[PDB]
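**Student:** Residue numbers (the entry's author numbering), protein chains in the order written: chain AT, 4 to 129; chain 6, 1 to 164; chain AS, 2 to 143; chain AY, 7 to 62.
Just so you know, even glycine gets a beta-carbon here, dropped at the ideal spot from N, CA and C.
One structure coming up, written as structure tokens, with questions to follow.
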Amino acid sequence: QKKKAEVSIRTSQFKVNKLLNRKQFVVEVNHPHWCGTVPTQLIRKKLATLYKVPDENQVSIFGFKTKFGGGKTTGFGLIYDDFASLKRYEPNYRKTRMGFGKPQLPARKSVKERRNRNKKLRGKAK
Amino acid sequence: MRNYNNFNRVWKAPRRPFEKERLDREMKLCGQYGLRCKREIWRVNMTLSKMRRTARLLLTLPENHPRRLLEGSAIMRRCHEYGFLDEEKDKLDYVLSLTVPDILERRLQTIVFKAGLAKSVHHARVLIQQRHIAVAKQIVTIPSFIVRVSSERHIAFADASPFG
Amino acid sequence: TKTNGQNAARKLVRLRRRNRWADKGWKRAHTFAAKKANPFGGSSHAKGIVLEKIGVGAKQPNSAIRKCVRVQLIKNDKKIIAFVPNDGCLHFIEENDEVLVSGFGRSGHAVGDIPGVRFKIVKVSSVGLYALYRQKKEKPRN
Amino acid sequence: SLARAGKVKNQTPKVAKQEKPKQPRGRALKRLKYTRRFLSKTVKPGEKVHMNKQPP
RNA sequence: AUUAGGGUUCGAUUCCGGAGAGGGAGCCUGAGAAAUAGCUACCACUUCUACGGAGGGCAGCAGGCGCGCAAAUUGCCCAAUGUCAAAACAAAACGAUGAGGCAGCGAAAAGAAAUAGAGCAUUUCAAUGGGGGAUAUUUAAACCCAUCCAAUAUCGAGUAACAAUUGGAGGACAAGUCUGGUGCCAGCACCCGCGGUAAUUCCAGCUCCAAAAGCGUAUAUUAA
């Protein structure tokens, strides 16, 4: 116990994308002596602070690869204008990770069997 | 199908499977550098042969021929890095004389033993897989890691190891 | 002696087409005459049915009775005398057993001391024959 | 004619292997082989090396 | 692929080009088809029927029989790459996509590398991942890899039973003038040759040898 596990952050290639209303950057987590992996929830709360972003959720963060043999990881992150441009511009899978879902429709097959039986039918029976 | 990912051979088995002259020369190297298998010898025979062979081709060539300068200096650089050769030697003829030990001396297993962090070479080979040796801040688990001569200062031990 | 000249490349190309046919390791590769007669029909292995168990008196100064089998190839319907490779292993073979047959290893000719026997059995009823001899698997009763 | 089959292999008595300790594996053995031959063995010259011998 | 060089050989198979949709032929629609998950016919096969009839075309992906020496799941998904389209996304309101991707099966090949290290009796000072598991990371979701055994607070190896095999030991060819058993028998042996009563070659035990998570054998091919 030299101290608590200490986790800092550096973003690398930073880009302001005004087309989608987001900022684009590559995130690097410097964490030594963090048992396990740094779960995302913490990276977000750090980034939201370091840029002084007014909300936590405006920061969406996806994909991470640790480094072989020591605590450091690398990943991508986005930062948006407020509540809107997460909802519009983000995939449905990266949304559900935040908790905002659109629940998965019935298993893809089940749609296919119905599509076909309807290739039989005419009028209002279909 | 449709997956384009290139793979290749690193080694070759010798003709004349068993010659008591070669087998002798083999074991004398296996025990000295702490090697697991003959396979790891035949490997530095091929990376040495390929290297050697392009040295001939470029050497048969006329001086100042554009390949001999550009492609010739690059083989002659990378052997100064990795320290296959001494920075005193630049003729490109020297590349054409190298030996299996030169590339084995440069293998992280021997160097951790030569640098003196280990008893001989068997401690060194286990002590690498045991994840304790780091090259520069980077834990390196592969005994066959070839140690660039700029990196022979930095080895020491890991910071996740017992030793830090 | 041979002919030499800048413009002579017909004579040289023709003269080789003619003189390669005199070659035998390939007067073999170029004759269907080889393929029709190799009862495997070109394939490295084949499956037969065991027709008959056969002793074959060994050749020349060697005295022995080598343990051979007749075989009915399932591809070709051809018949083949094949060799059972090791001690007592003829006990692992019964009549009408399916048997995988391989060559002896000099491609189309018999391995010395069995007169005219070019093939040996590698498997009996989908179980390996050497793996039965050396005791590993038990021959499935069917 | 065919009943001599399998004579000798069955007729030879069985020793049922023998228990022994395990050897080293990997490079460990490669060291065990190297200690024998290139260490601890000095030769009277006399150039010869016998890997097996037998108590004749 | 193999090759000093010159060559010898393979190229059904990912990319380009050609051709076909069981066999043949004919044609409509359309900018483009002699299209086959489009039509018409005949041939060979075949599936329902209430006997009047009506159907089918896996050399699409899974899978079945058959055949053969010989080859995986009737699996998830459009997250990515493209395509078509009347089409951005989101907001009651997420187009299809067996193209494609992901995993399952997978010792065809290819890379890395465990099966111990430290000071023959012993004795004991550590270290490790196989494996267990995770606040989690991964991913469309799950996997696998990587990170982790406290960060206030969580696993563990000593006969390392967590136990390396496949072929050899007369010659070519590296390694036994060991000990049993057999007696031209059984078998080995690519070739040469072993076995007919002391077998350096068979069958065994021990011993050593080569290669090693790989190693024999068969056929084809290149060098020789």
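Checking 8 Å against the spacing of the C-beta atoms, do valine 135 (chain 6) and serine 151 (chain 6) come in under that value?
**Tutor:** Cβ distance < 8 Å, so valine 135 (chain 6) and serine 151 (chain 6) count as in contact.
**Student:** Give the single residue among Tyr83 (chain AT), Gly73 (chain AT) and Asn95 (chain AT) whose Cα lies nearest to the Cα of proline 106 (chain AT).
**Tutor:** For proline 106 (chain AT), the nearest C-alpha among the options comes from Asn95 (chain AT).
**Student:** In three-state DSSP terms, what is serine 103 (chain AS)?
**Tutor:** DSSP places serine 103 (chain AS) in strand when its eight states are reduced to three.
**Student:** Could you check the C-alpha separation between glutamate 96 (chain AS) and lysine 124 (chain AS) for me, to the nearest Å?
**Tutor:** Rounded to the nearest angstrom, the two C-alpha atoms are 14 Å apart.
**Student:** Would you say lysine 28 (chain 6) faces chain AY, with C-beta separation under 8 Å as the test?
**Tutor:** It does: the Cβ of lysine 28 (chain 6) has a partner Cβ on chain AY nearer than 8 Å.
**Student:** Does DSSP put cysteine 69 (chain AS) in a helix, in a strand, or in coil?
**Tutor:** Three-state DSSP puts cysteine 69 (chain AS) in a strand.
**Student:** Between the C-alpha atoms of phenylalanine 86 (chain AT) and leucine 23 (chain AT), what's the straight-line distance to the nearest angstrom?
**Tutor:** Using only the alpha carbons, I get a separation of about 13 Å.
**Student:** Name the DSSP beta bridge partners of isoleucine 82 (chain AT), please?
**Tutor:** BP columns for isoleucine 82 (chain AT) point to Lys26 (chain AT) and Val62 (chain AT).
**Student:** Would you give the residue range spanned by the alpha helix (DSSP H) that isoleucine 94 (chain AS) belongs to?
**Tutor:** Counting along the chain, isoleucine 94 (chain AS) falls outside any alpha helix (DSSP H), and DSSP gives it neither H nor E.
**Student:** Since I believe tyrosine 92 (chain AT) is in contact with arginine 25 (chain AT) (beta carbons under 8 Å), could you give me their beta-carbon distance rounded to a whole number of angstroms?
**Tutor:** With a Cβ gap of about 7 Å, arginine 25 (chain AT) and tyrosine 92 (chain AT) count as contacting.
**Student:** In or out: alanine 30 (chain AS) buried (at least 16 other Cβ within 10 Å) or exposed?
**Tutor:** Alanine 30 (chain AS) comes out exposed.
**Student:** For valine 85 (chain AS), which residues in the same chain have their Cβ closer than 7 Å to its Cβ, ignoring the five residues on either side in sequence?
**Tutor:** Answer for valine 85 (chain AS): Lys68, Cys69, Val70, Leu91, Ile94 and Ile122, listed in chain order.
**Student:** Taking contact to mean 3 or more Cβ pairs, one atom from each stretch, closer than 8 Å, check whether the segment 108-117 of chain AS and the segment 45-64 of chain AS are in contact.
**Tutor:** Touching, per the Cβ criterion.
**Student:** Does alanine 160 (chain 6) come within less than 8 Å of chain AT when only Cβ atoms are used?
**Tutor:** It does; some Cβ of chain AT falls within 8 Å.
**Student:** Residues in its own chain within less than 8 Å of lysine 12 (chain AS) by CB, not counting five upstream and five downstream?
**Tutor:** Same-chain partners within the cutoff: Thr4.
**Student:** Report yes or no: do the segment 32-49 of chain 6 and the segment 117-129 of chain 6 share at least 3 C-beta pairs separated by less than 8 Å?
**Tutor:** Touching, yes.
**Student:** Could you check what DSSP says for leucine 52 (chain AS) in three-state terms: helix, strand or coil?
**Tutor:** Residue state, collapsed to three classes: strand.
**Student:** Against chain 6, does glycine 73 (chain AT) count as a neighbour if the rule is that its beta carbon must be under 8 Å from one of theirs?
**Tutor:** Yes, its Cβ sits closer than 8 Å to a Cβ of chain 6.
**Student:** Provide the residue(s) that pair with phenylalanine 33 (chain AS) in DSSP beta bridges, ordered along the chain.
**Tutor:** Looking at the DSSP assignment, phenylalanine 33 (chain AS) forms no beta bridge with any residue, so it has no partner.
**Student:** Would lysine 75 (chain AT) and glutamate 9 (chain AT) qualify as a contact pair, given that the criterion is a beta-carbon distance under 8 Å?
**Tutor:** Contact: no.
**Student:** Does any residue of chain AS bring its CB to less than 8 Å from the CB of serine 46 (chain AY)?
**Tutor:** Not an interface residue.
**Student:** Closer than 8 Å, Cβ to Cβ, to anything on chain AY: give me those residues from the segment 110-141 of chain 6, in chain order.
**Tutor:** Here the close residues are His122 and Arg125.
**Student:** Answer with yes or no whether the minimum CB distance from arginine 43 (chain AY) to chain 6 is below 8 Å.
**Tutor:** Closer than 8 Å to some Cβ of chain 6, the Cβ of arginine 43 (chain AY) qualifies, so yes.
**Student:** With a CB to CB cut of under 8 Å and the five nearest residues on each side skipped, what residues in its chain are close to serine 11 (chain AT)?
**Tutor:** Same-chain partners within the cutoff: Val32, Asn33, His34 and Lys49.
**Student:** Can you grab the Cα-Cα spacing for the pair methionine 51 (chain 6) / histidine 56 (chain AY), in whole Å?
**Tutor:** About 39 Å.
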